[PDB]
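J.: Take a look at this one; I'll ask things after.
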Amino acid sequence: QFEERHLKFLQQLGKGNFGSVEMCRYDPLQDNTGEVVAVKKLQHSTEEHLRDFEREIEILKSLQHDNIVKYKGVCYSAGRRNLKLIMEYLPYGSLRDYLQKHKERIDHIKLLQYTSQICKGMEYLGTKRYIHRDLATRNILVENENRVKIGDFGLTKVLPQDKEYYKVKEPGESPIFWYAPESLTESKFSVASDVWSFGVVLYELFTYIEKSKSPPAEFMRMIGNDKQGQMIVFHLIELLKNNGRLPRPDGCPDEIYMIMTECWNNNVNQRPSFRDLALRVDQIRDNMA
Ligand SMILES: N#CC[C@@H](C1CCCC1)n1cc(-c2ncnc3[nH]ccc23)cn1
């Protein structure tokens, strides 16, 4: 229901894998009263990528939650393709950049507020049997100082009816340093691996996105920065097999790190639920206040 001729390009907001998001104004009355929106498109409209995109659009459309970015509509020109996803525009950018920019005014209670919101959004995904597969502060957006939203769903898959995991191995880079061990070894993605990645998100938050402290930097320094191409993955697997883990971030209390390390359990079935993670984060945040 969005006509392409009324979307006015303003700037690029972000560039994902096979996708990009643009800040546009939807101004059908041509009087500069229309609203600014976010428009997602494919960088190269492959038939396979187009079918993935259609599934992503339906997934997002099916989601309604304070902590999930709002679907608004779709757009297409010159027939059916050039397909574009229209979403609400969130003015503070990604939580990665936002935390980096205000580290001296965002204290731990605020971090835990964001954490809780992320947990509740992920739990909502779970009730729909959706596996996000790409949890990272770079894929959390900031609506305002009090609200974050899960921001991108390009890698989200729906669980089979009969199984609690989805086996997929895609070409491209994969965010290996947020991957559960069973995702690196068997391409198995589950709620439990989303929980692992959430552990990494919590690490990210408490590092305040410091340069040398990113999961890639830390993990490369634990395996050796020389490590060569695909060998990287292999060593990562071995490192995680021997319970090598990201270190406790500077200033991070013991209980928060413990939440992280319980998320980083090699035994998929021993990782906590998102509801319990929310419960615990909320108890800590209420104790701090
Ligand atoms: N998530 C996220 C990260 C990132 C890219 C991930 C893959 C493609 C985009 N990205 C998303 C925005 C954005 N910014 C403001 N409003 C928005 N609405 C909807 C998105 C969006 C900016 N960069």
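Labeling convention for the structure tokens: chains A, B, ... as they appear, residues from 1 per chain, ligands from 1 in order of appearance.
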Show which residues sit within 12 Å of range 17-24 of chain A, as a PyMOL selection string. Count only C-alpha atoms, and ignore same-chain residues fewer than 3 positions away.
T.: chain A and resi 2+4-14+27+32+34-46+48-50+52-53+56+83-91+93+134+139+151-155+170-175
J.: Excluding residue 187 in chain A and any residue of its chain fewer than 4 positions from it, enumerate the residues within 12 Å of it, using only C-alpha atoms, and give them as a PyMOL selection string.
T.: chain A and resi 133+165-171+174+176+179-183+193
J.: Identify which of the residues A:142, A:119, A:160, A:126 lies closest to residue 280 in chain A, counting only C-alpha atoms when measuring atom-to-atom distances.
T.: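 Closest residue, counting only C-alpha atoms: A:119.
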J.: Could you tell me which of A:177, A:26, A:196, A:71 comes closest to residue 214 in chain A if we count only C-alpha atoms?
T.: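 Smallest distance to residue 214 in chain A is found for A:177.
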J.: Give me, please, the distance in Å between CA of residue 70 in chain A and atom 17 (C, counted along the ligand's line) of ligand 1, quoted to one decimal.
T.: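 These atoms are spaced 8.9 Å apart.
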J.: For ligand 1, which residue among A:237, A:158, A:111, A:148 is the nearest when counting only C-alpha atoms and all ligand atoms?
T.: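 That would be A:148, the residue with the smallest distance to ligand 1.
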J.: As JSON, numbers by chain, please: every residue in range 189-239 of chain A that DSSP puts in alpha helix (DSSP H).
T.: {"A": [191, 192, 193, 194, 195, 196, 197, 198, 199, 200, 201, 202, 203, 204, 205, 206, 207, 215, 216, 217, 218, 219, 220, 221, 222, 223, 231, 232, 233, 234, 235, 236, 237, 238, 239]}
J.: Emit the selected residues as a CSV table (one decimal), in the first residue's frame, including N, CA, C and O atoms.
T.:
```csv
chain,number,residue,atom,x,y,z
A,191,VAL,N,15.7,-22.2,20.4
A,191,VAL,CA,15.6,-21.3,21.4
A,191,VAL,C,16.9,-21.2,22.3
A,191,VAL,O,17.4,-20.2,22.6
A,192,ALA,N,17.4,-22.4,22.6
A,192,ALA,CA,18.6,-22.5,23.5
A,192,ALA,C,19.8,-21.8,22.9
A,192,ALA,O,20.6,-21.2,23.6
A,193,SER,N,20.0,-21.8,21.5
A,193,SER,CA,21.1,-21.1,20.9
A,193,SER,C,20.8,-19.6,20.9
A,193,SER,O,21.7,-18.8,21.1
A,194,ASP,N,19.5,-19.2,20.7
A,194,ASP,CA,19.2,-17.8,20.9
A,194,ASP,C,19.5,-17.3,22.3
A,194,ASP,O,20.0,-16.2,22.5
A,195,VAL,N,19.4,-18.2,23.3
A,195,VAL,CA,19.8,-17.9,24.7
A,195,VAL,C,21.3,-17.7,24.8
A,195,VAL,O,21.8,-16.8,25.5
A,196,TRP,N,22.0,-18.6,24.2
A,196,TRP,CA,23.5,-18.4,24.1
A,196,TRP,C,23.8,-17.1,23.6
A,196,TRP,O,24.6,-16.3,24.2
A,197,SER,N,23.3,-16.7,22.4
A,197,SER,CA,23.6,-15.4,21.8
A,197,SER,C,23.2,-14.3,22.8
A,197,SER,O,23.9,-13.3,22.9
A,198,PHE,N,22.0,-14.5,23.4
A,198,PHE,CA,21.6,-13.5,24.4
A,198,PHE,C,22.7,-13.3,25.5
A,198,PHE,O,22.9,-12.2,25.9
A,199,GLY,N,23.3,-14.4,25.9
A,199,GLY,CA,24.4,-14.3,26.8
A,199,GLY,C,25.5,-13.3,26.2
A,199,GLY,O,26.0,-12.5,27.0
A,200,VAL,N,25.8,-13.5,24.9
A,200,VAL,CA,26.8,-12.6,24.3
A,200,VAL,C,26.3,-11.2,24.3
A,200,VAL,O,27.1,-10.2,24.5
A,201,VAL,N,25.0,-11.0,24.0
A,201,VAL,CA,24.4,-9.6,24.0
A,201,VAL,C,24.6,-9.0,25.4
A,201,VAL,O,24.9,-7.8,25.5
A,202,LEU,N,24.4,-9.8,26.5
A,202,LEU,CA,24.6,-9.2,27.8
A,202,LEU,C,26.1,-8.8,28.1
A,202,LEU,O,26.4,-7.8,28.6
A,203,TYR,N,27.0,-9.7,27.6
A,203,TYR,CA,28.4,-9.3,27.6
A,203,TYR,C,28.7,-8.0,26.9
A,203,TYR,O,29.2,-7.1,27.5
A,204,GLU,N,28.2,-7.9,25.6
A,204,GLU,CA,28.3,-6.6,24.9
A,204,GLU,C,27.8,-5.4,25.7
A,204,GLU,O,28.5,-4.4,25.8
A,205,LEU,N,26.6,-5.5,26.3
A,205,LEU,CA,26.1,-4.4,27.0
A,205,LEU,C,27.1,-4.0,28.1
A,205,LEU,O,27.4,-2.8,28.3
A,206,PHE,N,27.6,-5.0,28.9
A,206,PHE,CA,28.4,-4.6,30.0
A,206,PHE,C,29.8,-4.2,29.6
A,206,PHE,O,30.5,-3.6,30.5
A,207,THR,N,30.3,-4.5,28.4
A,207,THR,CA,31.5,-3.9,27.9
A,207,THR,C,31.3,-2.5,27.4
A,207,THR,O,32.4,-1.8,27.2
A,215,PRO,N,33.4,-9.3,21.3
A,215,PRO,CA,33.5,-10.8,21.3
A,215,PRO,C,34.5,-11.2,20.2
A,215,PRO,O,35.2,-12.2,20.4
A,216,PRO,N,34.5,-10.6,19.0
A,216,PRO,CA,35.5,-11.0,18.0
A,216,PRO,C,36.9,-10.7,18.5
A,216,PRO,O,37.8,-11.6,18.4
A,217,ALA,N,37.2,-9.6,19.0
A,217,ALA,CA,38.6,-9.3,19.5
A,217,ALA,C,39.0,-10.2,20.7
A,217,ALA,O,40.1,-10.8,20.6
A,218,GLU,N,38.1,-10.4,21.7
A,218,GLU,CA,38.4,-11.3,22.8
A,218,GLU,C,38.6,-12.7,22.3
A,218,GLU,O,39.6,-13.4,22.7
A,219,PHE,N,37.8,-13.2,21.4
A,219,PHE,CA,37.9,-14.6,21.0
A,219,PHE,C,39.1,-14.8,20.1
A,219,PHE,O,39.7,-15.9,20.1
A,220,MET,N,39.4,-13.8,19.2
A,220,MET,CA,40.6,-13.9,18.4
A,220,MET,C,41.9,-13.9,19.3
A,220,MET,O,42.9,-14.5,19.0
A,221,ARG,N,41.9,-13.1,20.4
A,221,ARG,CA,43.0,-13.1,21.3
A,221,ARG,C,43.1,-14.4,22.1
A,221,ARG,O,44.2,-14.8,22.4
A,222,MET,N,41.9,-15.0,22.3
A,222,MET,CA,42.0,-16.3,23.0
A,222,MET,C,42.5,-17.4,22.1
A,222,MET,O,43.1,-18.4,22.5
A,223,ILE,N,42.2,-17.4,20.8
A,223,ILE,CA,42.6,-18.4,19.9
A,223,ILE,C,43.9,-18.1,19.2
A,223,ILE,O,44.5,-19.0,18.5
A,231,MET,N,40.3,-22.2,9.7
A,231,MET,CA,40.8,-22.7,11.0
A,231,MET,C,40.3,-21.9,12.2
A,231,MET,O,40.0,-22.5,13.2
A,232,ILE,N,40.0,-20.6,12.0
A,232,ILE,CA,39.4,-19.8,13.1
A,232,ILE,C,38.2,-20.5,13.7
A,232,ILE,O,38.2,-20.8,14.9
A,233,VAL,N,37.3,-20.9,12.8
A,233,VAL,CA,36.1,-21.6,13.3
A,233,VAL,C,36.5,-22.8,14.1
A,233,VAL,O,36.0,-23.0,15.3
A,234,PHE,N,37.3,-23.7,13.5
A,234,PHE,CA,37.8,-24.9,14.2
A,234,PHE,C,38.3,-24.6,15.6
A,234,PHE,O,37.8,-25.2,16.6
A,235,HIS,N,39.2,-23.6,15.7
A,235,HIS,CA,39.8,-23.3,17.0
A,235,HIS,C,38.7,-22.8,17.9
A,235,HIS,O,38.6,-23.2,19.1
A,236,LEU,N,37.8,-21.9,17.4
A,236,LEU,CA,36.7,-21.5,18.2
A,236,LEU,C,35.9,-22.7,18.8
A,236,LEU,O,35.7,-22.7,20.0
A,237,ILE,N,35.6,-23.6,18.0
A,237,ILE,CA,34.9,-24.8,18.5
A,237,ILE,C,35.7,-25.4,19.6
A,237,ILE,O,35.2,-25.6,20.7
A,238,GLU,N,37.0,-25.7,19.4
A,238,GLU,CA,37.8,-26.4,20.4
A,238,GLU,C,37.8,-25.5,21.6
A,238,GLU,O,37.6,-26.0,22.8
A,239,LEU,N,38.0,-24.2,21.5
A,239,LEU,CA,38.0,-23.3,22.6
A,239,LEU,C,36.8,-23.4,23.4
A,239,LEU,O,36.8,-23.6,24.7
```
J.: Could you tell me how far CA of residue 143 in chain A sits from atom 17 (C, counted along the ligand's line) of ligand 1, in Å to one decimal place?
T.: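 Distance between the two atoms: 9.1 Å.
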J.: Pick the closest to ligand 1 from A:113, A:94, A:212, A:156: which is it, counting only C-alpha atoms and all ligand atoms?
T.: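 Among the listed residues, A:94 lies closest to ligand 1.
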J.: By how many Å are CA of residue 127 in chain A and atom 8 (C, counted along the ligand's line) of ligand 1 apart?
T.: 24.1 Å
